[PDB]
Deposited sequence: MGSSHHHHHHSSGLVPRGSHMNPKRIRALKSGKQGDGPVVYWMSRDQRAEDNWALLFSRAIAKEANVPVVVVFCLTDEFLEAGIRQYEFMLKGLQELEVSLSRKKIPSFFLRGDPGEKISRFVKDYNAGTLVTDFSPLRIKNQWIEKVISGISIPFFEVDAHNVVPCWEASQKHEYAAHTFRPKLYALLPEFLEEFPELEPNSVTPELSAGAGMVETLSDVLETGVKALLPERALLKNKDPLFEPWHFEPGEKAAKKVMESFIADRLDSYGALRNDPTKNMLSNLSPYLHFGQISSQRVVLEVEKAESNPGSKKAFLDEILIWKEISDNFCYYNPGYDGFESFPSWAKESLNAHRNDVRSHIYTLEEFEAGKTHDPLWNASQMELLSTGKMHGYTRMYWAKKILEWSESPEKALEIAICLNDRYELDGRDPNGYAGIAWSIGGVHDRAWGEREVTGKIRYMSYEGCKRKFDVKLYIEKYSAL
């Protein structure tokens, strides 16, 4: 229960576990949505706390899986959290950063701090569901989750997997009047109930031996492309609206032009709300066509990616591809591939295709491949791999290791679109790739200045 007139739509919250309410603080286990503003999970947690006459507290688990990615993501995330600590303290909301995996750490925190209720935010990824299961086994209090990431709650937008954007889109657009709304201000707590610097230090030390390097031993990653944190995210949204949105409709498929929003690292870590971004873009007057194109990406393609992972347990595997695509890829499984590259050759940009290699260099060096070349890139991994299953493994591996926005439903769904035709149609049949949409080198040369892209990332 929340207080009357809390302005919380109950369809954004789902019970994970019934239990017996304790009498201590409401705990928001923050995971996907690392921000203090425009955060329905935090707002709901604050409202339940108010109704129960207790403070709200935030807990965040620094998990054992950080060593599966790189310094690039750890630093981006932790520097954000350092800023988040301050923002929350200004609301008199304490934040606790627990070192370990959530099953053990959240269970013990709930016991030690006498939590009344546990709330988390929503992710459809397997790792979050693994963590939920272990937490559920270790707690006796009620446990809710709130969809703070999507404008329309994932379980409301559709009751099933949607095979196409054109079947998801009408369902989603029909629910915006309900769910696309301004956010209330977060009410501070009535009174105030190892540093992150130390953690960051220790973690970087553990990641240093796996850092991506040039043959010169100097690191590949350039950390000045995306300043982390909630405040920077807002400035990137504002600069997009002011300077790039007008040209987005025309230039979003031109990787030589910096005309995308550059919001994905912030959106992935939840340092900015996609609902906020949509409210601000909807209010803007910009060139015809651009707003439509952008909203189709951040509403339909982003939220269909959560739809994909939520309703397909096997979202990272061949089995989740549509039937037409499985049958087509199977029919061509024994076709001789034109090339076969090792994961190390792909990783180092050592194929015979200079556009592919430049796309990989953009990823290595900036942590954000242009969205047009991500499609080209993944499709060539299919073409130059022993099987579609190996192609998925390679693409996921590289995406998750080197993208700042990786380890994300958008990535699994984008790789499945690219390799498996998920949310696509069948195209003309070719050897190796069957009826999966093909993106040729020469087609790219007709579309944009390939030589300039290669020079930029060489």
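**Q** In sequence order, what intervals of the deposited sequence carry no C-alpha positions?
**A** Those parts of the chain that were deposited but carry no coordinates are 1-13, 207-215, 481-482.
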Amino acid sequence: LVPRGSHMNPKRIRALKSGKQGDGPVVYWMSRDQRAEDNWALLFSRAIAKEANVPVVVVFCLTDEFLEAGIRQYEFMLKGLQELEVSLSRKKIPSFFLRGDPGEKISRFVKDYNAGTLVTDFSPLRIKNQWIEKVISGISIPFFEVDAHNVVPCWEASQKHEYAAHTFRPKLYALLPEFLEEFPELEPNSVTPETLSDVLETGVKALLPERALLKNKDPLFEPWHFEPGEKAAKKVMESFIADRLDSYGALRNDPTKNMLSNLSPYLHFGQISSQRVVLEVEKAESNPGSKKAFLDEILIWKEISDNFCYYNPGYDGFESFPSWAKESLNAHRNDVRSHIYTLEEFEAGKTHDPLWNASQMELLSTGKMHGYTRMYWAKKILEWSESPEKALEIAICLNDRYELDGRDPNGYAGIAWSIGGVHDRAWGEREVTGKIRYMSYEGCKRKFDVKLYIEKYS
From here on, numbers count along this sequence of modelled residues.
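By rigid core we mean the largest C-alpha set that fits within 1.5 Å across both forms.
**Q** Which of these two stretches, 294-302 or 132-140, has the larger RMS Cα offset in 8 other deposited structures of this protein when the rigid core is kept aligned?
**A** Clearly, after the core fit, the stretch farther away in 8 other deposited structures of this protein is 132-140.
**Q** Please work out whether 59-67 or 409-417 has the higher root mean square C-alpha deviation in 8 other deposited structures of this protein relative to the shown form, with the rigid core as fitting region?
**A** Farther on average in 8 other deposited structures of this protein: 59-67.
**Q** Comparing 324-332 with 108-116, which stretch shows the greater average C-alpha B-factor in the deposited entry?
**A** Comparing 324-332 with 108-116, the higher average CA B-factor belongs to 108-116.
**Q** Which has higher Cα B-factors on average according to the PDB entry: 417-425 or 58-66?
**A** According to the entry, 58-66 carries the higher average C-alpha B-factor.
**Q** Per the PDB entry, which option out of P288, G371, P265, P388 has the greatest Cα B factor?
**A** Reading the PDB entry, the winner on C-alpha B-factor is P288.
**Q** Considering only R252, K128, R211, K160, which residue's Cα atom bears the greatest B-factor as recorded?
**A** Answer, based on the entry's C-alpha B-factors: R211.
**Q** Split the chain's modelled residues into thirds by Cα B-factor; is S338 in the lowest, middle or highest one?
**A** Top third by C-alpha B-factor.
**Q** Which third of the chain does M361 land in by C-alpha B-factor: lowest, middle or highest?
**A** Its C-alpha B-factor, which the entry lists for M361, ranks in the middle third among residues of this chain.
**Q** Would you please rank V27 by its C-alpha temperature factor against the other modelled residues of its chain and give the third it falls in: lowest, middle or highest?
**A** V27: CA B-factor falls in the middle third of its chain.
**Q** Check where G80 lands among this chain's C-alpha B-factors and tell me if it's the lowest, middle or highest third.
**A** As the PDB entry reports it, the C-alpha B-factor of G80 lands in the lowest third of its chain.
**Q** Taking only the Cα B-factors deposited for this chain, tell me whether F168 sits in the lowest, middle or highest third.
**A** Middle third by C-alpha B-factor.
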